[PDB]
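Read through the structure below, which is laid out as structure tokens, and then see the notes.
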Amino acid sequence: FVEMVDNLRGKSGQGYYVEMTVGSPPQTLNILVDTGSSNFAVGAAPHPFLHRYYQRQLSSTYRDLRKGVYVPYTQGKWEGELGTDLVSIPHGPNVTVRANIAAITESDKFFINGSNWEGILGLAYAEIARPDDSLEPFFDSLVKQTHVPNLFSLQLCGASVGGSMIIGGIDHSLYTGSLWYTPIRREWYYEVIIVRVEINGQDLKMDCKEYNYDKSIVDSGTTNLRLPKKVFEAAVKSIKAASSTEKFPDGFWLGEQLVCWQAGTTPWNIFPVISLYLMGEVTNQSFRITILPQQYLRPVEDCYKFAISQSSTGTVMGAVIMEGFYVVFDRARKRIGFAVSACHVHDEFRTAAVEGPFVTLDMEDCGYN
Ligand SMILES: CCC[C@H](Cc1cc2cc(-c3ccccc3C)ccc2nc1N)C(=O)NCC1CCCCC1
């Protein structure tokens, strides 16, 4: 899989993208890797922000589906025209597939000014595809039409950031130690269940049901570790108490302002390790993933933003989490694998860890219904 190593690029806070081609002859586009959505959508009109866009008139293999899509989000939206065409991943497997493409013809607050991407690769399941679950997502199409195994893995590293998307397999040089798997609870988002949360080694004492209300997901499209309201409130309270050597304004924890120490005077050791215990493969068995402050304190263009925030969507395990680990999306076995990333940023002291097994009872009770 050396072919596919280091095939992800991006800037600080604007996601990870992969190179793709679309149409015949192939048109090159940089496409955002997003495990929290299910649509394959690309710019198809000359928006001022775009380096390039999908030109349907140029592709002999384009077929119109005569159907539109309006995709609203909390803030902003994109609208598009549905069709199919030949899609390929230059630094992926040596295959070409007919996938659904949403050609974006109108948008608001989707494209980033300065960004180097022109579309989005939704890698989640059909249920959350717009307009409905009959629009087959790209990966489902890939597996159906080829001999590529039904799995992919992500190593998100990190001005410029980089990483790897291994399609149809695992590259063991991207992780140290051993992979531990948590089950995909249901195939819509990549849903998982958190059964315990520790900060610096001390339990939060919360009913695990509230760790997963109403969802817990693994999402390469989200920057922050997003926690549910109550969980966030208890977490920061505990993180504030853990770091009392220095004090910061009430706004910094809410991500409303910035914190600064220059000269390279970053006292990481004042800040606690966060740990998430996830449901294991076996009854009553769990494992834990541990992230360093150098994961939830990201540099801003030395100054840092607190990258843990509220959510009424549930727990979102974003780039803050994923950058510490090699993440295997084992779709074939309905499981997600975590192992310590070979590229995660640590100091000479603490590291990111994936440890187990642990004994945890009543894990099913942690899922919301
Ligand atoms: C708990 C899940 C968090 C996850 C965050 C997430 C938001 C996104 C939002 C957009 C998007 C769309 C239109 C306009 C502007 C933006 C910024 C694109 C991609 C997105 N990718 C994401 N992973 C989420 O809200 N997913 C549900 C939907 C998936 C399909 C697109 C709308 C959002």
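Numbers here mean position along the shown chain, with the first residue as 1.
For this deposited structure, the header notes the method as X-ray crystallography, 2.7 Å.
Yeah, the Cβs are placed from backbone N, Cα and C, and that goes for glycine too.
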Could you check Swiss-Prot and say which of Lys67, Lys144, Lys334 is marked as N6-acetyllysine? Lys67
Based on what Swiss-Prot records, which one of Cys343, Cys366 is disulphide-bonded to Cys157? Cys343
Annotated as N6-acetyllysine in Swiss-Prot, from the list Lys230, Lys240, is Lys230
Annotation match for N6-acetyllysine in Swiss-Prot, from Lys237, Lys305: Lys237
Between C-alpha atoms, which of these recorded positions comes nearest to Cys260 (disulfide bond): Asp34, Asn94, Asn113, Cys208, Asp219? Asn113
Calculate the distance in Å between the alpha carbons (Cα) of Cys366 (disulfide bond) and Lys209 (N6-acetyllysine), and round it to a whole number. 4
Write out the long-range same-chain contacts of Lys209 (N6-acetyllysine), meaning residues 6 or more apart in sequence whose Cβ is under 8 Å from its Cβ. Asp365, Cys366, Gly367, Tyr368
Check the recorded positions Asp34, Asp219, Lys230, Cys366 for any whose Cβ is under 6 angstroms from an atom of ligand 1, and report them in sequence order. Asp34, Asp219
Roughly how many angstrom lie between the C-alpha atoms of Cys343 (disulfide bond) and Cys303 (disulfide bond)? 22
If you count the other CB atoms within 10 A of the CB of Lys215 (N6-acetyllysine), including all protein chains displayed, you should get 20
